[PDB]
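data09.cif (mmCIF, N, CA and C atoms) appears below.
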data_structure
loop_
_atom_site.label_atom_id
_atom_site.label_comp_id
_atom_site.auth_asym_id
_atom_site.auth_seq_id
_atom_site.Cartn_x
_atom_site.Cartn_y
_atom_site.Cartn_z
N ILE I 2 -92.46 1.25 38.88
CA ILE I 2 -93.43 1.64 37.81
C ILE I 2 -92.71 2.57 36.80
N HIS I 3 -91.54 2.16 36.32
CA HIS I 3 -90.76 2.97 35.37
C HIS I 3 -91.27 3.00 33.92
N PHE I 4 -92.17 2.09 33.55
CA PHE I 4 -92.72 2.08 32.19
C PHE I 4 -94.13 2.69 32.13
N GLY I 5 -94.21 3.86 31.50
CA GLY I 5 -95.47 4.57 31.37
C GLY I 5 -95.35 6.03 31.80
N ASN I 6 -94.30 6.36 32.53
CA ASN I 6 -94.09 7.73 33.00
C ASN I 6 -92.87 8.35 32.31
N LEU I 7 -92.33 7.63 31.32
CA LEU I 7 -91.13 8.04 30.58
C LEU I 7 -91.22 9.32 29.72
N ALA I 8 -91.91 9.28 28.58
CA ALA I 8 -92.01 10.49 27.74
C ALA I 8 -93.25 10.60 26.84
N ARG I 9 -93.54 11.84 26.42
CA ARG I 9 -94.70 12.15 25.58
C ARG I 9 -94.38 11.87 24.13
N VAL I 10 -94.92 10.76 23.62
CA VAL I 10 -94.68 10.35 22.25
C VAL I 10 -95.95 10.31 21.43
N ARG I 11 -95.92 10.94 20.26
CA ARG I 11 -97.11 10.93 19.41
C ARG I 11 -96.82 10.64 17.94
N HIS I 12 -97.71 9.85 17.34
CA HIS I 12 -97.64 9.50 15.92
C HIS I 12 -96.38 8.80 15.47
N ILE I 13 -96.20 7.57 15.91
CA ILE I 13 -95.05 6.79 15.51
C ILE I 13 -95.55 5.37 15.45
N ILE I 14 -95.45 4.78 14.27
CA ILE I 14 -95.89 3.41 14.13
C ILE I 14 -94.63 2.59 14.01
N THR I 15 -94.64 1.39 14.57
CA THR I 15 -93.48 0.51 14.44
C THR I 15 -94.04 -0.85 14.06
N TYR I 16 -93.30 -1.55 13.22
CA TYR I 16 -93.72 -2.87 12.80
C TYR I 16 -92.52 -3.75 13.07
N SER I 17 -92.76 -4.92 13.65
CA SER I 17 -91.70 -5.89 13.96
C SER I 17 -92.28 -7.28 13.78
N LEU I 18 -91.43 -8.28 13.50
CA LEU I 18 -91.93 -9.64 13.31
C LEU I 18 -91.42 -10.61 14.37
N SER I 19 -92.26 -11.57 14.77
CA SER I 19 -91.85 -12.58 15.74
C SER I 19 -90.49 -13.12 15.28
N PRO I 20 -89.59 -13.41 16.23
CA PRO I 20 -88.25 -13.93 15.91
C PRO I 20 -88.27 -15.21 15.08
N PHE I 21 -89.37 -15.95 15.18
CA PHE I 21 -89.50 -17.20 14.46
C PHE I 21 -89.96 -17.03 13.03
N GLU I 22 -90.26 -15.80 12.61
CA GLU I 22 -90.72 -15.58 11.24
C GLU I 22 -89.57 -14.95 10.47
N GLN I 23 -88.44 -14.73 11.14
CA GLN I 23 -87.30 -14.11 10.46
C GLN I 23 -85.97 -14.74 10.76
N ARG I 24 -84.96 -14.36 9.97
CA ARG I 24 -83.60 -14.90 10.11
C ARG I 24 -82.82 -14.25 11.25
N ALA I 25 -82.04 -15.07 11.95
CA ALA I 25 -81.23 -14.64 13.08
C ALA I 25 -80.06 -13.73 12.70
N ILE I 26 -79.36 -14.09 11.63
CA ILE I 26 -78.23 -13.30 11.14
C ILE I 26 -78.39 -13.09 9.64
N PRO I 27 -79.35 -12.24 9.25
CA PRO I 27 -79.64 -11.95 7.85
C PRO I 27 -78.68 -11.04 7.12
N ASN I 28 -78.58 -11.29 5.81
CA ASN I 28 -77.76 -10.54 4.88
C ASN I 28 -76.32 -10.38 5.35
N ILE I 29 -75.66 -11.48 5.71
CA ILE I 29 -74.29 -11.38 6.21
C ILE I 29 -73.37 -10.65 5.24
N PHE I 30 -73.59 -10.87 3.95
CA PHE I 30 -72.75 -10.24 2.94
C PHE I 30 -73.30 -8.94 2.41
N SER I 31 -74.44 -9.02 1.75
CA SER I 31 -75.07 -7.85 1.18
C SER I 31 -75.16 -6.62 2.08
N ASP I 32 -75.46 -6.86 3.36
CA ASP I 32 -75.66 -5.79 4.33
C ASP I 32 -74.66 -5.77 5.48
N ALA I 33 -74.55 -6.89 6.19
CA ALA I 33 -73.67 -7.01 7.34
C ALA I 33 -72.25 -6.54 7.16
N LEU I 34 -71.45 -7.38 6.50
CA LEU I 34 -70.04 -7.12 6.27
C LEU I 34 -69.71 -5.74 5.72
N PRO I 35 -70.55 -5.22 4.81
CA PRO I 35 -70.28 -3.88 4.27
C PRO I 35 -70.21 -2.81 5.38
N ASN I 36 -71.15 -2.88 6.33
CA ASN I 36 -71.22 -1.94 7.45
C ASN I 36 -70.06 -2.14 8.38
N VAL I 37 -69.66 -3.39 8.56
CA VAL I 37 -68.53 -3.70 9.41
C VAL I 37 -67.33 -2.95 8.84
N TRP I 38 -67.22 -2.97 7.52
CA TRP I 38 -66.13 -2.27 6.88
C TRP I 38 -66.37 -0.78 7.05
N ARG I 39 -67.57 -0.33 6.70
CA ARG I 39 -67.92 1.08 6.82
C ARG I 39 -67.45 1.67 8.15
N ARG I 40 -67.81 0.98 9.24
CA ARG I 40 -67.47 1.39 10.59
C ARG I 40 -65.97 1.37 10.85
N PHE I 41 -65.33 0.26 10.47
CA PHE I 41 -63.90 0.16 10.65
C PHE I 41 -63.27 1.38 10.01
N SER I 42 -63.62 1.61 8.75
CA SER I 42 -63.13 2.75 7.98
C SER I 42 -63.27 4.09 8.71
N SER I 43 -64.50 4.40 9.11
CA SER I 43 -64.81 5.64 9.80
C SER I 43 -63.85 5.98 10.94
N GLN I 44 -63.65 5.03 11.84
CA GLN I 44 -62.80 5.22 13.00
C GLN I 44 -61.28 5.08 12.82
N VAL I 45 -60.84 4.10 12.03
CA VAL I 45 -59.42 3.86 11.79
C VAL I 45 -58.50 5.07 11.92
N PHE I 46 -58.92 6.20 11.39
CA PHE I 46 -58.06 7.36 11.45
C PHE I 46 -58.09 8.21 12.68
N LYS I 47 -59.01 7.91 13.59
CA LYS I 47 -59.12 8.65 14.83
C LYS I 47 -58.37 7.84 15.89
N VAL I 48 -58.55 6.52 15.84
CA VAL I 48 -57.92 5.61 16.79
C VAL I 48 -56.46 5.29 16.49
N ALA I 49 -56.26 4.49 15.44
CA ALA I 49 -54.95 4.04 15.00
C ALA I 49 -53.79 5.02 15.16
N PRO I 50 -53.94 6.25 14.67
CA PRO I 50 -52.85 7.22 14.79
C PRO I 50 -52.10 7.21 16.12
N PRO I 51 -52.70 7.74 17.20
CA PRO I 51 -52.00 7.77 18.50
C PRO I 51 -51.43 6.45 18.97
N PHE I 52 -52.00 5.35 18.50
CA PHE I 52 -51.49 4.03 18.87
C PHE I 52 -50.19 3.79 18.13
N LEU I 53 -50.19 4.13 16.84
CA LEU I 53 -49.00 3.97 16.01
C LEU I 53 -47.91 4.90 16.53
N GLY I 54 -48.29 6.13 16.86
CA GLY I 54 -47.31 7.07 17.39
C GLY I 54 -46.70 6.56 18.69
N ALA I 55 -47.43 5.71 19.41
CA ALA I 55 -46.91 5.18 20.66
C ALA I 55 -45.94 4.08 20.32
N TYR I 56 -46.33 3.26 19.36
CA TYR I 56 -45.49 2.16 18.93
C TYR I 56 -44.09 2.64 18.59
N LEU I 57 -44.01 3.73 17.85
CA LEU I 57 -42.73 4.28 17.47
C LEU I 57 -41.96 4.52 18.75
N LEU I 58 -42.44 5.48 19.54
CA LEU I 58 -41.81 5.85 20.82
C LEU I 58 -41.31 4.60 21.56
N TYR I 59 -42.12 3.55 21.52
CA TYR I 59 -41.76 2.29 22.16
C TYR I 59 -40.51 1.77 21.49
N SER I 60 -40.62 1.49 20.19
CA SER I 60 -39.51 0.99 19.39
C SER I 60 -38.26 1.84 19.51
N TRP I 61 -38.42 3.16 19.40
CA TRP I 61 -37.27 4.04 19.51
C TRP I 61 -36.59 3.86 20.87
N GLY I 62 -37.25 4.34 21.92
CA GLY I 62 -36.69 4.22 23.25
C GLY I 62 -36.23 2.82 23.57
N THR I 63 -36.97 1.82 23.13
CA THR I 63 -36.57 0.45 23.41
C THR I 63 -35.19 0.14 22.82
N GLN I 64 -34.95 0.48 21.55
CA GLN I 64 -33.67 0.21 20.90
C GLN I 64 -32.57 1.16 21.36
N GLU I 65 -32.87 2.45 21.39
CA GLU I 65 -31.90 3.44 21.84
C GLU I 65 -31.27 3.01 23.16
N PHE I 66 -32.06 2.30 23.96
CA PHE I 66 -31.62 1.82 25.27
C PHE I 66 -30.57 0.74 25.12
N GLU I 67 -30.78 -0.13 24.14
CA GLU I 67 -29.87 -1.21 23.82
C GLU I 67 -28.56 -0.64 23.31
N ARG I 68 -28.67 0.36 22.44
CA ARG I 68 -27.53 1.03 21.84
C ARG I 68 -26.62 1.58 22.93
N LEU I 69 -27.22 2.01 24.03
CA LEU I 69 -26.47 2.58 25.14
C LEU I 69 -25.72 1.54 25.97
N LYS I 70 -25.89 0.28 25.61
CA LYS I 70 -25.22 -0.82 26.31
C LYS I 70 -23.97 -1.25 25.53
N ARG I 71 -24.09 -1.26 24.20
CA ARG I 71 -23.00 -1.62 23.30
C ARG I 71 -21.85 -0.65 23.55
N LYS I 72 -20.62 -1.06 23.24
CA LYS I 72 -19.49 -0.18 23.48
C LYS I 72 -19.13 0.62 22.24
N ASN I 73 -18.46 1.74 22.47
CA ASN I 73 -18.02 2.64 21.41
C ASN I 73 -16.51 2.57 21.29
N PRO I 74 -16.00 1.93 20.22
CA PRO I 74 -14.56 1.79 20.02
C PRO I 74 -13.74 3.05 20.28
N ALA I 75 -14.33 4.20 20.04
CA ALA I 75 -13.64 5.47 20.23
C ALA I 75 -13.20 5.72 21.68
N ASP I 76 -13.46 4.78 22.57
CA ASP I 76 -13.06 4.94 23.96
C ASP I 76 -11.74 4.19 24.20
N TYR I 77 -11.46 3.23 23.32
CA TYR I 77 -10.26 2.40 23.43
C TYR I 77 -9.24 2.53 22.30
N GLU I 78 -9.43 3.47 21.38
CA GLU I 78 -8.48 3.63 20.27
C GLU I 78 -7.15 4.23 20.68
N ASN I 79 -6.60 3.75 21.78
CA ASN I 79 -5.33 4.25 22.28
C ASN I 79 -5.01 3.62 23.64
N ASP I 80 -5.91 2.77 24.11
CA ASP I 80 -5.75 2.11 25.40
C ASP I 80 -4.59 1.09 25.48
N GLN I 81 -3.86 0.91 24.38
CA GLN I 81 -2.74 -0.04 24.35
C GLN I 81 -2.03 -0.23 25.71
N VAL Y 299 -111.92 -6.32 37.50
CA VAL Y 299 -112.62 -5.51 38.50
C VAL Y 299 -111.77 -5.31 39.76
N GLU Y 300 -111.22 -6.40 40.28
CA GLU Y 300 -110.40 -6.37 41.50
C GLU Y 300 -109.22 -5.42 41.35
N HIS Y 301 -108.68 -5.32 40.15
CA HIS Y 301 -107.53 -4.46 39.93
C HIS Y 301 -107.75 -3.33 38.96
N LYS Y 302 -108.99 -3.12 38.54
CA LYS Y 302 -109.29 -2.05 37.59
C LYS Y 302 -108.31 -2.10 36.41
N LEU Y 303 -108.21 -3.28 35.79
CA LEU Y 303 -107.32 -3.51 34.66
C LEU Y 303 -107.77 -2.86 33.35
N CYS Y 304 -109.06 -2.92 33.03
CA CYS Y 304 -109.55 -2.36 31.76
C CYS Y 304 -110.96 -1.80 31.80
N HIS Y 305 -111.25 -0.88 30.87
CA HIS Y 305 -112.58 -0.27 30.73
C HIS Y 305 -113.53 -1.28 30.09
N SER Y 306 -112.94 -2.21 29.34
CA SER Y 306 -113.66 -3.26 28.61
C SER Y 306 -112.70 -4.24 27.93
N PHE Y 307 -113.19 -5.44 27.66
CA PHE Y 307 -112.40 -6.44 26.97
C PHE Y 307 -113.34 -7.45 26.34
N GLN Y 308 -112.87 -8.12 25.30
CA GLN Y 308 -113.70 -9.08 24.60
C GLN Y 308 -112.90 -10.14 23.88
N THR Y 309 -113.42 -11.36 23.87
CA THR Y 309 -112.77 -12.44 23.17
C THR Y 309 -113.49 -12.48 21.83
N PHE Y 310 -112.82 -12.94 20.79
CA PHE Y 310 -113.45 -13.02 19.48
C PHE Y 310 -112.90 -14.19 18.69
N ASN Y 311 -113.73 -14.80 17.85
CA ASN Y 311 -113.27 -15.90 17.01
C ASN Y 311 -113.67 -15.65 15.57
N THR Y 312 -113.13 -14.59 14.98
CA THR Y 312 -113.43 -14.23 13.61
C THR Y 312 -113.00 -15.31 12.65
N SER Y 313 -113.97 -15.85 11.92
CA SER Y 313 -113.69 -16.92 10.97
C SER Y 313 -113.71 -16.41 9.54
N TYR Y 314 -113.03 -17.14 8.66
CA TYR Y 314 -112.98 -16.82 7.25
C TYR Y 314 -113.07 -18.12 6.50
N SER Y 315 -113.23 -18.02 5.19
CA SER Y 315 -113.31 -19.20 4.34
C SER Y 315 -112.20 -20.21 4.64
N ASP Y 316 -110.96 -19.79 4.40
CA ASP Y 316 -109.77 -20.63 4.59
C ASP Y 316 -108.85 -20.29 5.77
N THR Y 317 -109.23 -19.31 6.61
CA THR Y 317 -108.41 -18.91 7.76
C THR Y 317 -109.23 -18.32 8.92
N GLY Y 318 -108.62 -17.42 9.70
CA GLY Y 318 -109.31 -16.81 10.84
C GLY Y 318 -108.41 -16.15 11.89
N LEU Y 319 -109.01 -15.38 12.80
CA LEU Y 319 -108.27 -14.71 13.87
C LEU Y 319 -108.91 -15.07 15.20
N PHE Y 320 -108.12 -15.57 16.13
CA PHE Y 320 -108.64 -15.96 17.43
C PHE Y 320 -107.90 -15.14 18.46
N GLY Y 321 -108.61 -14.33 19.22
CA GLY Y 321 -107.91 -13.54 20.21
C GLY Y 321 -108.74 -12.80 21.23
N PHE Y 322 -108.30 -11.59 21.52
CA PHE Y 322 -108.97 -10.74 22.48
C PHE Y 322 -108.55 -9.28 22.30
N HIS Y 323 -109.42 -8.39 22.75
CA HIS Y 323 -109.21 -6.96 22.63
C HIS Y 323 -109.68 -6.27 23.89
N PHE Y 324 -108.80 -5.48 24.49
CA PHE Y 324 -109.16 -4.76 25.68
C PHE Y 324 -108.82 -3.29 25.52
N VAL Y 325 -109.55 -2.45 26.24
CA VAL Y 325 -109.37 -1.00 26.22
C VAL Y 325 -109.00 -0.68 27.67
N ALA Y 326 -107.90 0.04 27.89
CA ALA Y 326 -107.51 0.33 29.26
C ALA Y 326 -106.78 1.64 29.38
N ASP Y 327 -106.55 2.04 30.62
CA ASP Y 327 -105.84 3.27 30.92
C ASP Y 327 -104.39 2.98 30.61
N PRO Y 328 -103.63 4.01 30.25
CA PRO Y 328 -102.21 3.88 29.90
C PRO Y 328 -101.37 3.13 30.91
N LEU Y 329 -101.74 3.23 32.18
CA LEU Y 329 -100.96 2.61 33.22
C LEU Y 329 -101.38 1.25 33.74
N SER Y 330 -102.27 0.57 33.05
CA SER Y 330 -102.65 -0.76 33.51
C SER Y 330 -102.62 -1.74 32.35
N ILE Y 331 -102.17 -1.24 31.20
CA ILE Y 331 -102.07 -2.05 29.98
C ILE Y 331 -101.33 -3.31 30.30
N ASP Y 332 -100.20 -3.16 30.98
CA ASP Y 332 -99.37 -4.30 31.29
C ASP Y 332 -100.00 -5.39 32.15
N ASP Y 333 -100.52 -5.01 33.31
CA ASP Y 333 -101.11 -6.02 34.15
C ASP Y 333 -102.24 -6.70 33.40
N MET Y 334 -103.03 -5.92 32.67
CA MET Y 334 -104.17 -6.45 31.92
C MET Y 334 -103.75 -7.55 30.94
N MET Y 335 -102.83 -7.20 30.05
CA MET Y 335 -102.33 -8.13 29.05
C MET Y 335 -101.79 -9.36 29.75
N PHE Y 336 -101.10 -9.13 30.85
CA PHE Y 336 -100.52 -10.21 31.62
C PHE Y 336 -101.59 -11.19 32.07
N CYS Y 337 -102.62 -10.67 32.73
CA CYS Y 337 -103.70 -11.51 33.24
C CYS Y 337 -104.42 -12.18 32.13
N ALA Y 338 -104.63 -11.45 31.04
CA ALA Y 338 -105.31 -11.99 29.88
C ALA Y 338 -104.56 -13.20 29.30
N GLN Y 339 -103.31 -12.99 28.91
CA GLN Y 339 -102.53 -14.08 28.35
C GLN Y 339 -102.58 -15.24 29.34
N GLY Y 340 -102.46 -14.91 30.62
CA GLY Y 340 -102.50 -15.95 31.62
C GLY Y 340 -103.69 -16.87 31.44
N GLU Y 341 -104.87 -16.26 31.29
CA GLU Y 341 -106.09 -17.02 31.12
C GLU Y 341 -106.02 -17.91 29.90
N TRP Y 342 -105.43 -17.40 28.83
CA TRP Y 342 -105.28 -18.19 27.62
C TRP Y 342 -104.49 -19.42 27.99
N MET Y 343 -103.37 -19.21 28.66
CA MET Y 343 -102.54 -20.32 29.08
C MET Y 343 -103.32 -21.21 30.03
N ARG Y 344 -104.21 -20.60 30.81
CA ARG Y 344 -105.03 -21.36 31.75
C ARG Y 344 -105.95 -22.30 30.97
N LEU Y 345 -106.29 -21.89 29.74
CA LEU Y 345 -107.15 -22.67 28.85
C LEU Y 345 -106.51 -23.95 28.33
N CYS Y 346 -105.30 -23.84 27.81
CA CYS Y 346 -104.62 -25.00 27.27
C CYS Y 346 -104.18 -25.97 28.35
N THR Y 347 -104.17 -25.53 29.61
CA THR Y 347 -103.68 -26.39 30.68
C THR Y 347 -104.56 -26.84 31.83
#
Rewrite the coordinates I just gave you, this time as structure tokens.
Amino acid sequence: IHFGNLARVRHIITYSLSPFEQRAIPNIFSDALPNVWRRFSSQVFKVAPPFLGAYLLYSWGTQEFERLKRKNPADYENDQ
Amino acid sequence: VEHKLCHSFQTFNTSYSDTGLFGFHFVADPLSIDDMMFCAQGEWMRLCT
């Protein structure tokens, strides 16, 4: 019996329409896509950063490791 | 009565020139609204079938 003992609510009217009287995916352009961008925008700078900073570390350590495999001529400039 | 669903209920067939409303209205305690509506709609379905 979880519905009815939830909370004390007063003076709130809500209006909704049967699903068959309205569109399933309305205003894809005018409304939808703009918010998708809005949201992407909002977060991009909180998320992306640390990911990009990881990418570097990856790329750096990944290559620096390869560099440590190649030889350095300065070890043989007299090995005749 | 068996389940104390509502204080009262009524069916109505309000007619108009070119339209109308066919339904029902019940008054009940906050905690039996659900069973009431359920049984009510049921009867409607019981009508068409």
_Please list as a list in words every residue within 8 Å of residue 309 of chain Y, counting only N, CA and C atoms and excluding residues in the same chain fewer than 6 positions away._
residues 320, 321, 322, 323 and 324 of chain Y
_Running the PyMOL selection byres ((chain I and name CA) within 10 of (chain Y and name CA)) on this model by hand, what would come out? Give it as a PyMOL selection string._
chain I and resi 2+4-6
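Interatomic distance, atom N of residue 37 of chain I to atom N of residue 49 of chain I: 17.0 Å.
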*asked:* Just want the 9 Å neighbourhood of residue 327 of chain Y, counted on only C-alpha atoms, with same-chain residues fewer than 6 positions away dropped. Output as a VMD selection string.
replied: chain Y and resid 303 to 305
*chain I: residues DSSP assigns to helix (DSSP H, G or I), reported as number ranges by chain*: I: 20-22, 29-68, 74-76
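Here atom CA of residue 343 of chain Y is placed at a distance of 15.9 Å from atom C of residue 310 of chain Y.
Rounded to one decimal, atom CA of residue 302 of chain Y and atom CA of residue 333 of chain Y lie 9.7 Å from each other.
Between residue 307 of chain Y and the candidates Y:334, Y:346, Y:325, Y:319, the tightest atom-to-atom separation, counting only N, CA and C atoms, involves Y:325.
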